[PDB]
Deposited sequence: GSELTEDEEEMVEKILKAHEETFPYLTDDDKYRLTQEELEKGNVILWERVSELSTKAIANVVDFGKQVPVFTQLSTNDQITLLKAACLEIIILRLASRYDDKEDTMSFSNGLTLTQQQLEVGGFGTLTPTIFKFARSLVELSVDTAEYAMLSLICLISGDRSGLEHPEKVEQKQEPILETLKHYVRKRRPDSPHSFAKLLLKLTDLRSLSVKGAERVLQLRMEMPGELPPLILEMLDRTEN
C-alpha cells in the first residue's frame, strides 16, 4: 500500500515506541483505594528515562550531534510524555493510566496533582480518539516532536530539519492509507502538535508549583 522504505520506518518507529512504552491492561491496571500526587511525581523519573531510550533507538536522532540530542530531548521531553499519557486514555471508562498501571478518573486527577488543566488534557486526548489515532501515529508524531528544528541553541538546526523531512512524508502516507476518504486528516493530526505545545507549557507551569541523565556525553 506504501513505499518499502516507509514501511520500514513505521516499524522501526513503532517498535521504538513499543519497546520504551509498553501496552496496558495486560499486566493490568488498577483503580486505586481511598491527596496522592506522590506516585505521579515518582513515575516522572522513569517516564523521562524512557523517552530518552526512545531516541536512542531511532538512528536519525542517533545521527545528530550529542549536544543536539540533549537540546532536543530537553525541549521535547514533556511534550512526548503528555502525548504518551494521552495515548493511554480510556475512552470507555473516562480514565488515564500510568506506566505502572495506576488508573485514575478525571475527577480524581482534578483533586490530585493535575489542577484545572485536567479537563484540557482529557479534551485533547479525546480529540485524538475522534481522529482514530493509532500506536504507529503516536510514535511517529512523537519523533516529529523530538526532531524539531526550531529548538533554541542547536548546533545544526538545518541538519535537524532534514532528518525530520522523511518522517513527515511517511506520516502523511500512513495517515492517507488509513484514511483515504478524508483528505483533512493529516493537517488535523499535525495541528494537534500545536495543541500539544500550548498544553505543554501550561503543564510545565504546574510541574513547578535529570542531572544524572544529563550526564550523557
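Unmodelled regions of the deposited chain sequence (numbering from residue 1, in sequence order): 1-2, 37-44, 220-228, 237-241.
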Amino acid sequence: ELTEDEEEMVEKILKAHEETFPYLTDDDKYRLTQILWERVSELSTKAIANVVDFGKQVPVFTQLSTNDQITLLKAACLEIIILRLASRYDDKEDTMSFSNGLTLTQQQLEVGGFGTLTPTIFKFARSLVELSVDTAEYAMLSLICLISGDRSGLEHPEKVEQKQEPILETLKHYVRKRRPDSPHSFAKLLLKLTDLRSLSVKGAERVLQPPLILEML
From here on, numbers count along this sequence of modelled residues.
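As recorded in the PDB entry, 110-118 is the stretch of 110-118 and 84-92 with the greater mean C-alpha temperature factor.
Look at the mean CA B-factor for 93-101 and for 120-128 in the entry; the higher one is 93-101. In the deposited coordinates, the residue among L196, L24, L14, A204 with the greatest CA B-factor is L24. Take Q63, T170, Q164, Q69 and read off each C-alpha B-factor from the entry; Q63 has the highest.
For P59, the recorded CA B-factor ranks within the highest third of the chain. Only modelled residues enter the ranking.
Ranked against the other modelled residues of its chain, the C-alpha B-factor of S200 as given in the entry falls in the middle third. The deposited CA B-factor of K177 belongs to the lowest third of values across its chain. The deposited CA B-factor of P183 belongs to the lowest third of values across its chain. Placement of the Cα temperature factor of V40 within the chain: highest third of the modelled residues, per the deposited record.
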